[PDB]
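Chain by chain, the residues:
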Amino acid sequence: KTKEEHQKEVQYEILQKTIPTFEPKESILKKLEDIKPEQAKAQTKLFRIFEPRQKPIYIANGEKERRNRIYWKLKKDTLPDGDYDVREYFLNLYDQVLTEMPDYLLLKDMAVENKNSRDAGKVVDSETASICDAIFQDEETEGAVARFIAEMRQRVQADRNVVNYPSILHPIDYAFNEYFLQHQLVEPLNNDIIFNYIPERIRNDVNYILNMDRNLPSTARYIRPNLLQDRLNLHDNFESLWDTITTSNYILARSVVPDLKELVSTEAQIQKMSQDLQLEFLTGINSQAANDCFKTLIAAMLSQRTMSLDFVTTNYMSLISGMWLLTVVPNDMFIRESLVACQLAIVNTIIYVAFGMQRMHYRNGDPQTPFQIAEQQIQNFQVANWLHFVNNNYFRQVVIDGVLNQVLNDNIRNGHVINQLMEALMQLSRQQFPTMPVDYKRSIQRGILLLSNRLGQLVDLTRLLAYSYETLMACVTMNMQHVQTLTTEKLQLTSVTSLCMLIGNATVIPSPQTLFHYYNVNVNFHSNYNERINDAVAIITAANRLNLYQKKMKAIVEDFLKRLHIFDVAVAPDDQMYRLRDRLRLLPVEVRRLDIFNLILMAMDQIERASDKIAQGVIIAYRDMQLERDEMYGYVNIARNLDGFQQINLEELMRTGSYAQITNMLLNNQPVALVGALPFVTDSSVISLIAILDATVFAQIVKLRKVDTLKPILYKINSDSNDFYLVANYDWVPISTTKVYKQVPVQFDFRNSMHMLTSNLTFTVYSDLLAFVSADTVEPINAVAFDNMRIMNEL
Amino acid sequence: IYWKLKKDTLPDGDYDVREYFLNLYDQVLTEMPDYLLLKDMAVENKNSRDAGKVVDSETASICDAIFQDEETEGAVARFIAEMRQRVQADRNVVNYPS
Amino acid sequence: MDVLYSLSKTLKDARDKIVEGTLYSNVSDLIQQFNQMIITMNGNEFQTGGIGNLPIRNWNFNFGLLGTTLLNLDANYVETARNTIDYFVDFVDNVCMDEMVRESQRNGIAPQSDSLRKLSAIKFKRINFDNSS
Amino acid sequence: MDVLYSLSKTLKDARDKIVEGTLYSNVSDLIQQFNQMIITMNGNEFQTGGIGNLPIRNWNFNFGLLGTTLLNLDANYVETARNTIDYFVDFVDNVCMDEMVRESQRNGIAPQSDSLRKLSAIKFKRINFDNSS
Amino acid sequence: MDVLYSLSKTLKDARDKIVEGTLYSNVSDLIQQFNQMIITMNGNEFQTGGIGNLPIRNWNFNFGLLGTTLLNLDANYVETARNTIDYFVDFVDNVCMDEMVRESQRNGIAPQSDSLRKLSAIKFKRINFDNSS
């Protein structure tokens, strides 16, 4: 048998290596309970990309004007070669700004003292104060600017909770900040809102009383947790992931099941059962096993697991208890193997033995369960009716408050089927039971009498289970589908018998604090799942729209799965990963992230033009051109357009590798125009321009069949060049061949850069939403049910 | 670049040629693949500008050799760079280059 | 009954707002509607005709999902959409043609064609994009 | 004047496009517009009539908020939408009837009825919508 | 041809929907299309006229981009949109009135005017919003 067990372990390990779950089934509980809620992150400093600098200008003839004009520049200049790398950096910045997305701004605290204004007013940010000082000390500005900088005033309307501050920023930064301000995620928190946020089924109860004691401040600001339904349909073609999710839910549900108290003495019950069964087996009966079985049963019914049935057929009491088990738990909660095995054993060991009928010849896999055949073959009204009731006992599909749930039938809920089971068993007790030996029949019918003699306690136990299931299921947020899964949970038949024969008169309802703990943990997990799904779909959609084709979606899906804290990436199968990716590709992105991407794509041209370490492209033109004069630089090869020259994308040629076109167009001397993110060498050497150098910076393109090393040259001729005296003292038209596709950096304009911000005065962030409610349970003895009858009616 | 046999252990004599053919058939049948995985045999091509993956390491070596040879034209290089596996998981079918 | 009008509106929108050059952000909702419709209607077989000289034709539905990745619609997307657009236009034309002539003395409001009978079932009610005419 | 047209157009769009089965993406703009209109019109009262035999009626606005996160709207959403759609339809009918029968010698372009005078305030201008008519 | 109608539809929807006090989540697609159009058309030169009494005018697209980050459109944004809208409507009126009076004895379905010939290139085909008329 040991070799057989080794072989079965090998097979089950091969199966298990396709399931993302850690080896011990308890660390999932710790990881789930350690999942912090959606973190509230404010912005200590304003999100700014553009800052002003001081640069000298030149006369059109090429001498310094003595003026110091303010220009614009990036905070960080890290845009590398290649258009693809530029767009990859753009996607990285998109991710950075998505993570850095704030939720609420207290613009009063961010304000700093100002010295420029004579009214000792406030300013929004330290950077604004510094740039204001820079524009204040300098004397190259208008007087009306000074009047405005002296008369700019903040305003605080505390009654309506509105405050404004003046700011100086570039339009992109101001648009970003204003969009963040006006699209806040926080909503007012009223007593009615916090009262209706509590699940309504628990509110309607009478066992619990919900009293509002904490006083909500009139400035209550709370973030509504996301409650969107699942968008992946994790019930078909996702067996492994769904199994992992439902196992995690099973562990979490097992963590919150209350324990039983003061069951009847075990030793006395063992003695009585041994005497009554007339034994010449019954081992493994302890209160610990009963509690574990009860917790397993309730948790499995809650988290929609699948339960396998384990038994030893030599213990007929195991099948007798399994009769009750099948009556209470709907048969659709198990796997087909266990159901057919249990049905065949029960039918061919108790009933058909007692009714003088041939043993049920049967074939595995028929569309009808054996219980149906039993129903349409026995004309004894009691047991036939009971068999029919078990036959058509299935989970009922209902929708409550837009949440899908599976609930039991009403008849079992009030504890009434136990009377039917007891009557059927008592009918079997006095039955003739023909063609069976003496002691076996006597033991069978005496065990049946033993289980029948516990009618009131069984009724109380089953309806207590029903009430606990209702209460626990009330707070479930995510919907539960119903589909068979790979793995199962081992249910001990002996433990089921122990629970059936050892249930006392102890009422046990879930503790209110345990209920709220479970509800908070579940909603936190749901919020994390939804937000990670949203981030993943936004990342993939933005990368696809911006033409980033090398972004392996497998890495993004890997990160998304790993950030769920309940999986293990190193075990997942590739085909299921691809199916999940294809599911994700077709969902519409949430509006905030889409609008952020739209703003990024509308500002990307300006951002790329702003950098001085990158250029759009180069034109050679193979012809003499008069140099175009500019105010920023003395003499530059400025080409603000690509008119009249054919355009070829460098990155396209590089990735495709077809070098014939550019090689011919370079060797045969035809004008062209290369376009691509290329750094350029600044050449402050007029003699270097005289000795033509911008005609050999393309030879390496055909020498080594590569484009990354391509480093064009831009000539910057000014007075400070160590050789500028050639231009001033000699008469010659500035002649060159290579131009650079570049736009002049935007001149600093004050009347449009100035902007006013809008925000609330002050408030506090509330996320817990459970410290403001108290729920004191009634005395455990007097608990009632839906029908206003007491939960346990046996005393 | 032309085609040459990877193995050149064929002895002279037509009878020995037929013997070698019989041995080759026996080797092929003994090394028969029962279930043929295609995700395991995959090395990422360094030259596919669509970040594709190829079937065998030697296939990757051949692709690198062809992609980098200064005497070769650009059409074949672009065809090499255009290689990419397309996966259709809804019908449980994948395509690979070879 | 309204399902037919929703299908007609969906087909008209798909034919008019899906050409080369349109940015995807203009027709994202139409893309979602088309995906939902093609998913729900897939796998179900219909029949038309059966009276007069109106031809009897069968129907099938096995079509792929329209993409949602490219920033701006391209020609391949146009052809892929227009093939299914043509097939569905033919289908709705034959359905309405069959539903016109058939009539009954009682229950005039009640649809008389099996196509409409299965259209108003409990599984097809997920495509009611518009009722505005 | 424009606010009344905005109300009428919003009511038309809501009563048309809110039908069970449609994907939530088709009504995103409708949901936002309707929610803003409801949250802005609440806490207010109006009086209409006061001339001829028209029904002199007082109206109070204290309705609730519709749901926001739903994959597919069930019949509950449609019912709770219609229960206020009909009320708004009756209100617009009363306002238009009270406006039509009034007249004045001076400044006919400007609003005349007291309800229209009150509704011309800037605080209601957030209910403005498209002007395709 | 279709490009001109797409521009006309975009301008008409901009006239209808860009009013003070609206919600941005109702005209997002129109604003996106407008921004794409202004990006594409920027930096081009056009010539219109030649026959009859239609004046010879030169048109250059040099307008700046339009922000989309504000939750409610204000008067400043309204006038900023309106100025460029009026310029565009004058341009499209001029090109239409140029194209209307010209015809050919052969190949009359094809464009004949200079502006329509220029606007039939390959890149400009990336602007085509809707064909609903």
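Residues numbered from 1 in each chain as written, not as in the entry; some residues may be left out. Chains lettered and ligands numbered in written order. Part of a larger assembly, values for the part shown. Heavy atoms only, no water.

Method of determination for the deposited model, per the PDB record: cryo-EM, at 4.7 Å resolution.

As annotated in the PDB entry, chain C carries the name Intermediate capsid protein VP6 and is attributed to Rotavirus A. For this structure, the PDB header gives the title as "Subtomogram average of Immature Rotavirus TLP penton".

The name the PDB entry gives chain A is Inner capsid protein VP2, with Rotavirus A as the organism. In UniProt, chain A has this text filed under Subunit (unreviewed entry): "Homodecamer; each decamer is made up of two conformers of VP2, called VP2A and VP2B. Interacts with a VP1-VP3 complex. Interacts with the intermediate capsid protein VP6. Interacts with NSP5. Interacts (via N-terminus) with NSP2." Of the comments in the UniProt record for chain A, the one headed Subcellular location (unreviewed entry) reads "Virion". (UniProt positions renumbered as here; feature names shortened; annotations may be inferred.)

A. Main features of the overall build of chain A. Scanning chain A for helices and strands turns up 31 helices and 26 strands. Computed over C-alpha atoms, the radius of gyration of chain A comes to 39 Å, more than 25% over the 28 Å expected from 2.2 N^0.38 for 795 residues, which places it beyond the range of a compact globule. The principal-axis extents of the C-alpha atoms in chain A amount to approximately 130 × 70 × 40 Å. The buried share among the 795 residues of chain A stands at 51%. Accessible surface, chain A: about 39800 Å² in total, of which carbon and sulfur atoms supply 51%. (Helix = DSSP H or I, 4+ residues; strand = E, 2+ residues; numbered from the N terminus. Rg over C-alpha atoms; globule rule 2.2 N^0.38 Å. Buried < 20%, exposed > 50% of the residue type's maximum accessible area, 1.4 Å probe, protein only. Areas by Shrake-Rupley, 256 points an atom, 1.4 Å probe, with all protein chains shown as cover.)

B. Seen up close, the sheet that holds strand β9 (residues 220–223) of chain A. All names here are of chain A. A sheet is described by the order of its strands in space; here three strands give the open sequence β7-β9-β25, paired in mixed fashion. One side of each edge strand has no neighbouring strand; the edge strands of this open sheet are β7 (186–188) and β25 (764–766). If you compare each strand with its neighbour and ignore which way they point, the axes differ by 45° on average. Where β9 and β25 come together, three bridges link them in parallel fashion. From the neighbouring strand, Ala220 faces β25, where its bridge partner is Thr764. (Pairing = 2+ DSSP bridges. Axes fitted to C-alpha atoms, helices over the stretch in contact; angles between N-to-C directions.)

C. Summary view of the interface of chain A and chain E. Each side of the interface is counted separately: chain A has nine residues, and chain E has nine residues. When residues of chain A are sorted by the area they lose upon contact with chain E, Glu178(A), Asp595(A) and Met602(A) head the list and together hold 46% of the total. Linking chain A with chain E are zero salt bridges, by the criterion used here. The interface formed by chain A and chain E includes four residue pairs in polar contact. For the side of chain A that touches chain E, the secondary-structure elements that each account for two or more residues are α7 (171–182) and α25 (591–610) of chain A. When the residues that make up the side of chain A that touches chain E are grouped by side-chain class, the tally is four nonpolar, three polar and two charged. (Contact = heavy atoms within 4.5 Å. Buried area = accessible area lost by both parts, 1.4 Å probe. Salt bridge = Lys/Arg side-chain N within 4 Å of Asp/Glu carboxyl O. Polar contact = N/O pair within 3.5 Å; in protein donor to acceptor, adjacent residues only side chain to side chain. Nonpolar A, V, L, I, M, F, W, Y, C, P; charged D, E, K, R; others polar.)

D. View of the interface of chain B and chain A. Contacts between the two partners involve 17 residues from chain B and, on the opposite side, 17 residues from chain A. Here chain B packs against chain A, burying approximately 1400 Å² in sum over the two surfaces, 45% of which is carbon and sulfur. Area buried by chain B at its contact with chain A is led by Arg49(B), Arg78(B) and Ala89(B), which between them contribute 42% of it. The interface formed by chain B and chain A contains zero salt bridges. Applying the counting criterion to the chain B and chain A interface returns twelve residue pairs in polar contact. Sorting elements by how many residues they give to the side of chain B that touches chain A places helix α3 (residues 74–81) of chain B first, with five residues. Of the residues belonging to the side of chain B that touches chain A, the class tally is seven nonpolar, four polar and six charged.

E. Structural detail: the side chain of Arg305(A). Residue and element names in this part refer to chain A. Note on placement: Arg305 falls in the loop between α12 (287–303) and β10 (307–310). In terms of polar contacts, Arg305 uses its side chain to reach the side chain of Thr487, at 3.5 Å. For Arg305, the residues in contact, after removing those within four places along its chain, are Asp243, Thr246, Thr247, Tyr250, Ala300, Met333, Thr487, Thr488 and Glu489.

F. Region of the structure containing the environment of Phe63(E). Residues and elements named next belong to chain E. Its place among the elements puts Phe63 in the loop between β2 (57–60) and α3 (75–100). Note: C-alpha distance between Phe63 and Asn42 (21 residues apart in sequence) is 7.1 Å. Among residues more than four places away in sequence, those in contact with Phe63 are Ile38, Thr84, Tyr87 and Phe88.

G. Molecular detail of the sheet that holds strand β14 (residues 617–619) of chain A. Residues and elements named next belong to chain A. Spatially, β18-β19-β14-β23 is the arrangement adopted by the four strands of the open sheet, whose pairing is mixed. Every interior strand has two partners, whereas the edge strands, β18 (647–649) and β23 (739–740), have only one. Across three bridges, β14 lies against strand β19 (residues 673–675) in antiparallel orientation. Paired with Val618 across the two strands is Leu674, which belongs to β19.

H. Structural detail: the packing of aromatic side chains. Evaluation of the coordinates by the stated rule reveals 39 aromatic pairs over all chains. Measuring from ring centre to ring centre gives 6.0 Å for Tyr197(A) and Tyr519(A), while their planes differ by 70°; the resulting arrangement is edge-to-face. Taking the relative accessible area as the measure of exposure, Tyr519(A) reaches 8% and is therefore buried. A ring pair is formed by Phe46(E) and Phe91(E), whose centres lie 5.6 Å apart and whose planes are at 80°; its orientation type is edge-to-face. Taken together, the residues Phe46(E) in strand β1 (residues 45–48) and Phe91(E) in helix α3 connect sequence positions 45 residues apart. On the accessibility criterion, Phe91(E) (3% relative accessible area) is buried. Site record: aromatic cluster; members linked through ring pairs are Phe46(C), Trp59(C), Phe61(C), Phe63(C), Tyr87(C), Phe88(C), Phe91(C) and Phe124(C). (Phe/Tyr/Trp six-rings, centres within 6.5 Å; stacked < 30°, edge-to-face > 60°.)

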